[PDB]
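Structure file target-v5.txt with compact mmCIF, C-alpha atoms:
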```txt
# COMPACT_ATOMS: atom_id res chain seq x y z
CA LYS A 551 11.36 86.40 -17.30
CA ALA A 552 13.79 87.07 -14.45
CA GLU A 553 11.07 87.75 -11.88
CA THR A 554 11.92 84.53 -10.08
CA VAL A 555 12.47 84.03 -6.35
CA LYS A 556 16.17 83.21 -6.06
CA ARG A 557 15.70 82.08 -2.45
CA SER A 558 15.09 85.66 -1.38
CA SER A 559 11.93 84.88 0.58
CA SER A 560 11.82 81.10 0.79
CA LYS A 561 13.37 80.26 4.17
CA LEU A 562 9.86 80.11 5.58
CA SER A 563 6.38 81.27 4.71
CA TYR A 564 3.51 81.94 7.13
CA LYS A 565 1.91 78.71 5.93
CA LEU A 566 5.09 77.00 7.16
CA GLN A 567 5.05 79.10 10.30
CA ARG A 568 1.73 77.58 11.26
CA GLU A 569 2.83 74.28 9.71
CA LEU A 570 5.92 74.03 11.92
CA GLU A 571 4.20 75.39 15.05
CA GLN A 572 1.34 72.87 15.00
CA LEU A 573 3.32 69.93 13.69
CA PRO A 574 5.17 69.15 17.03
CA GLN A 575 1.77 68.81 18.72
CA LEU A 576 0.76 66.59 15.83
CA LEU A 577 3.90 64.46 16.24
CA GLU A 578 3.25 63.73 19.88
CA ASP A 579 -0.40 63.30 18.85
CA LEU A 580 0.44 60.61 16.34
CA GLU A 581 3.05 59.08 18.63
CA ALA A 582 0.60 58.86 21.51
CA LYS A 583 -1.90 57.72 18.90
CA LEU A 584 0.35 54.90 17.76
CA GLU A 585 1.09 54.15 21.43
CA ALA A 586 -2.65 54.05 22.16
CA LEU A 587 -3.32 51.73 19.23
CA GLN A 588 -0.30 49.47 19.64
CA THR A 589 -1.41 48.70 23.18
CA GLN A 590 -4.80 47.54 21.91
CA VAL A 591 -3.17 45.40 19.28
CA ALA A 592 -0.68 44.26 21.91
CA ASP A 593 -3.34 42.15 23.61
CA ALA A 594 -4.40 38.85 22.04
CA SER A 595 -7.95 39.69 23.07
CA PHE A 596 -7.81 42.44 20.45
CA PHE A 597 -7.96 39.98 17.55
CA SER A 598 -10.91 38.38 19.33
CA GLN A 599 -12.98 41.20 17.90
CA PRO A 600 -14.67 41.03 14.49
CA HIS A 601 -12.49 41.87 11.47
CA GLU A 602 -14.29 45.17 10.96
CA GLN A 603 -13.35 46.25 14.49
CA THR A 604 -9.83 44.94 14.45
CA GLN A 605 -8.83 46.03 10.95
CA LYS A 606 -10.23 49.42 11.91
CA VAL A 607 -7.69 49.61 14.71
CA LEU A 608 -4.95 47.80 12.76
CA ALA A 609 -5.30 50.12 9.77
CA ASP A 610 -5.55 53.17 12.03
CA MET A 611 -2.47 51.92 13.88
CA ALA A 612 -0.43 51.57 10.71
CA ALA A 613 -1.74 54.95 9.57
CA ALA A 614 -0.61 56.51 12.84
CA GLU A 615 3.01 55.39 12.57
CA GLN A 616 3.22 56.31 8.89
CA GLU A 617 1.66 59.73 9.51
CA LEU A 618 4.00 60.25 12.45
CA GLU A 619 7.31 59.54 10.72
CA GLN A 620 6.33 61.36 7.54
CA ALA A 621 5.21 64.36 9.57
CA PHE A 622 8.44 64.13 11.54
CA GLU A 623 10.70 64.41 8.49
CA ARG A 624 8.32 67.10 7.21
CA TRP A 625 8.97 68.80 10.53
CA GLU A 626 12.74 68.44 10.33
CA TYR A 627 12.50 69.62 6.72
CA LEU A 628 10.69 72.73 7.93
CA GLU A 629 13.27 73.10 10.69
CA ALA A 630 16.11 72.73 8.20
CA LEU A 631 14.36 75.06 5.75
CA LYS A 632 13.85 77.64 8.49
CA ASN A 633 17.60 77.48 9.11
CA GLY A 634 18.60 77.38 5.45
CA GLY A 635 16.34 78.85 2.80
```
Encoded form (structure tokens):
Amino acid sequence: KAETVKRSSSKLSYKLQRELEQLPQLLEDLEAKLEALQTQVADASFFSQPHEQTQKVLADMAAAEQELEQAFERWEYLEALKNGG
């Protein structure tokens, strides 16, 4: 009892240090990833491939954008946390 962390050391942890420092690279990764996938799916010749090829790219495409935005608000969370914790 009363050994809690009352936001004494919570503004960042090392695990967030390496989280926040790699995450930007990951953002542009996933953005370029989405970019790279959306341009495949952009062409009508894309859906000329078998379902197992196309859905591979389609699913990976949708995963890229979702990963990106979620990682982005994770990033801004870590940024905000680093400023106020």
May I have the residues within 8 Å of segment 555-572 of chain A as a list in words, using only C-alpha atoms and disregarding those fewer than 4 positions away in the same chain?
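What passes the distance filter is residues 576, 625, 628, 629, 631, 632, 633, 634 and 635 of chain A.
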For C-alpha atoms, I'd like the residues from the last selection saved as a compact mmCIF listing (two decimals), in the frame of the given file.
```txt
# COMPACT_ATOMS: atom_id res chain seq x y z
CA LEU A 576 0.76 66.59 15.83
CA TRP A 625 8.97 68.80 10.53
CA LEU A 628 10.69 72.73 7.93
CA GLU A 629 13.27 73.10 10.69
CA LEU A 631 14.36 75.06 5.75
CA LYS A 632 13.85 77.64 8.49
CA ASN A 633 17.60 77.48 9.11
CA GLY A 634 18.60 77.38 5.45
CA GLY A 635 16.34 78.85 2.80
```
What separation in Å, quoted to one decimal, exists between atom CA of residue 607 of chain A and atom CA of residue 595 of chain A?
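Result for atom CA of residue 607 of chain A versus atom CA of residue 595 of chain A: 13.0 Å, one decimal.
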Separation of atom CA of residue 609 of chain A and atom CA of residue 623 of chain A, in Å?
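Pair atom CA of residue 609 of chain A / atom CA of residue 623 of chain A returns 21.5 Å.
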Go ahead and compute the interatomic distance for atom CA of residue 619 of chain A and atom CA of residue 593 of chain A, in Å to one decimal.
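Spanning atom CA of residue 619 of chain A to atom CA of residue 593 of chain A is a straight-line distance of 24.1 Å.
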Which residue out of A:584, A:573, A:552, A:594 has the minimum interatomic distance to residue 614 of chain A when all atoms listed in the file are used?
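The shortest atom-to-atom distance to residue 614 of chain A comes from A:584.
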